[PDB]
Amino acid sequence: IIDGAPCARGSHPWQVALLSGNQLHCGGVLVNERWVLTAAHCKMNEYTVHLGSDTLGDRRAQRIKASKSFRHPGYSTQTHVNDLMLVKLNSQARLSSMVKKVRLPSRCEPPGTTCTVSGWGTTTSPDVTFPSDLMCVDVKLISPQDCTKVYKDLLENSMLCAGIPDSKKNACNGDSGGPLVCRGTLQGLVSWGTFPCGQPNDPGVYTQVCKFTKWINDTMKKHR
């Protein structure tokens, strides 16, 4: 998270971390007791899922192994279209005051809506600065017409753009697969952006969750 601030304690109980060898790999969201939603580019054979704390490594946090994951069949490694994946936890996540299910959307929020993106990714770019505490930043949704002026042929109807005009406020490396929440519902998952991160007037690109709710529910039903 660039140009952000630490999240207020206990305001992101649906936020999870995906670790490989106790190192942060990606962010994510808890959909229910057995499933975590993240980006498809976060694919691994095994996962260590951190839940229940704004601080990574906190003894009070929950740590669950995840041995199975299912990427969207339309996911492309080359164009990054359909960048979403369901991660199946080996045991049920225990719902608490620090662990809650995310509210999946029924509608797509219009451009100009104020949202929050969160994560444990680098707080600086190109320089690396990994925080221990969960970072937050408020971004506004940018219309596909305005976002096309920036990324052109790279965008698809299932990609959502967000940012603040003439501002560094954005997501970065380590935040991938993490939530973009607008008006109480999950609107996006961190997919891609610029390198270095937080370049003014260069938005962050997210997987538009409102276009995949059928696949999310269908895939979860198919397995277990």
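Definition used throughout: the rigid core is the maximal C-alpha set that superposes within 1.5 Å between two forms. When you see a residue number, it is the position in the sequence shown, counting from 1.
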Taking RMS over all structures and residues, which stretch has CA atoms farther from the shown form in 8 other deposited structures of this protein, 54 to 62 or 36 to 44, after a rigid core fit? 54 to 62
With the rigid core as the fit reference, the stretch showing the greater C-alpha departure in 8 other deposited structures of this protein, 126 to 134 or 142 to 150, is 142 to 150
For 16 to 24 versus 212 to 220, entry-based mean Cα B-factors point to 212 to 220
The stretch carrying the higher mean Cα B factor in the deposited entry, 148 to 156 or 117 to 125, is 148 to 156
According to the Cα B-factor stored in this entry, which of the following is highest: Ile164, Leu37, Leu186, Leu51? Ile164
Out of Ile142, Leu86, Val99, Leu134, whose C-alpha atom has the biggest B factor in the entry? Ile142
Using only modelled residues of the chain, where does the Cα B factor of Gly204 rank: lowest third, middle third or highest third? lowest
What third of the chain, by the recorded C-alpha B-factor, contains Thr55? lowest
Assert third(CA B-factor, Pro196) within chain per record equals middle
So, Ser69's CA B-factor, relative to its chain, sits in which third? The middle
